[PDB]
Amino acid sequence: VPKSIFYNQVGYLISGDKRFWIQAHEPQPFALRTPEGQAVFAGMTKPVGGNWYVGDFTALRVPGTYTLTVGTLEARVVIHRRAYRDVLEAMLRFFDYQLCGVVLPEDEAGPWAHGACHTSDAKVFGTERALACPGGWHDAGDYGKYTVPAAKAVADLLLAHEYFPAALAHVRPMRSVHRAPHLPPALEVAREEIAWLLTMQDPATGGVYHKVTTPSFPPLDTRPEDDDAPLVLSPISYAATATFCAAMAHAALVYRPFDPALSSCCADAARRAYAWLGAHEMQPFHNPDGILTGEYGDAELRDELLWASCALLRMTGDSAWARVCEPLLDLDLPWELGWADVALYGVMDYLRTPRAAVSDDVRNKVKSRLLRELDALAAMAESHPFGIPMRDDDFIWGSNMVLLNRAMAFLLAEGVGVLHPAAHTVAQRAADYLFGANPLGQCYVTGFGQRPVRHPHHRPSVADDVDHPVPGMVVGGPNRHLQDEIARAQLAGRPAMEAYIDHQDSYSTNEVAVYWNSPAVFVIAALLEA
């Protein structure tokens, strides 16, 4: 914990909420000054609990770089029309930096450029059958490509395009690595993952392979193109087949006016996968023998079936699908945004389907539960000193994604008539927290803020002789369970929000992931929209 001002290190929007935090004993006056020193704003800090005081400077609407002074402390804050444009662009460019089997040239990727990796065909587990499944994204700090979390990352990017296309239109991905005519930014980027996902479906059965990885994780020092271990397609799984089905039905709808062929191919692939679900058992995935990579296991598969049924309900607009969706919507499943508990994606597809195709009674019950869920998140946010919908127990592996999915839920609800008054405050507080307004004064994104992430658990950043890591990567965040040797050694006894370390070996607090950047893209695009 530093003895300084805690603020949004990326910046503040002209029209947005503006807040800073300080550990204090009582109210203190504060001032905002031009870089010359002239005061433009003055106020008093106010208590918010657990040693924290806040200062609100929302009314300062003139853009510039300001010196914020409180007691003997000083901080440089930025107010701008589109303060989050650069970070949003970097967060979307992260997906292109994760591209597998693709040359990333220096003119696009700069020092983190590299040649095509993992170009070999993968062997289907326990057979001699080889299969080509190039492309898509390296999942995280490792080089595996896993179906289940890939579906969430795709769904998030598609949702961001559907909700905030104007905000996304102001950002540029690695345009020259993608096929012309160029699609809008979120669709341009997500098409790479959608194309790889299509190669993961078994043509014979419609089932989808759980993942393609090497048998084990290579050293942290491994460059993408030096990872030459043989690739293995882990068996087909119910969770991979269902999440694929839902992500494909969603892409079929979104790509309809942009890529008719992709849309038609996705729609067909979604139907063949749903046919596989009807004929197979809800069997949880477990790593086969000799496969030591990310399992992405899950004992609860009803939420994945809910998402697949609701996604096809919306894709087709066919009331016949509500027969399967509605009993699933009645279950006491958590309504979350993944990677393991995906029911809220299904709830959203159901609520976004024309009203005529569904039971009005079920629809109203669904909308009421969503409102009650948001009220509970709002109460958590009300009692938190940083105003984020989190409790100490929520600071688990990928706590930044836990937070961002919750900000996402408020924003998603606005498109389906559930207008919670706290939605925009939560979105702003989640961005503030991610960018430095937290007990560690840590900006949880590489290459941004005054205290960026400098040592992520990310193979290309470790391997290169740059580190200085790849920019725009959202790290997992504080995890109180101390799920790595570094976290256990350095973070024992520390509060839940301080359970983070910027060290390359801390995979449990300092790794990156495509499905951690994906809700960040959605949340940041929402704020930019205004």
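Numbering starts at 1 and follows the sequence shown. Superpose the two forms; the largest set of C-alphas matching within 1.5 Å is the rigid core.
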461-469 or 33-41, the stretch lying farther from the shown form in 6 other deposited structures of this protein by root mean square CA distance over structures and residues, after core fitting, is 461-469
For 470-478 versus 54-62, entry-based mean Cα B-factors point to 54-62
Taking the deposited Cα B-factors and averaging over 438-446 and over 313-321, the higher mean is found in 313-321
Of the residues 85, 152, 129, 161, the one whose Cα carries the largest B-factor in the deposited record is 129
One of 192, 300, 414, 382 has the largest Cα B-factor in the entry, namely 382
Of the three thirds of the chain ranked by Cα temperature factor, residue 510 occupies the middle
Binned into thirds over the chain's modelled residues, the C-alpha B-factor of residue 258 lands in the highest
Residue 528: C-alpha B-factor third of its chain, per the entry, is the middle
Chain thirds by Cα B factor, record data; residue 205 belongs to the highest
Chain-relative C-alpha B factor for residue 228 (record values, thirds): the highest
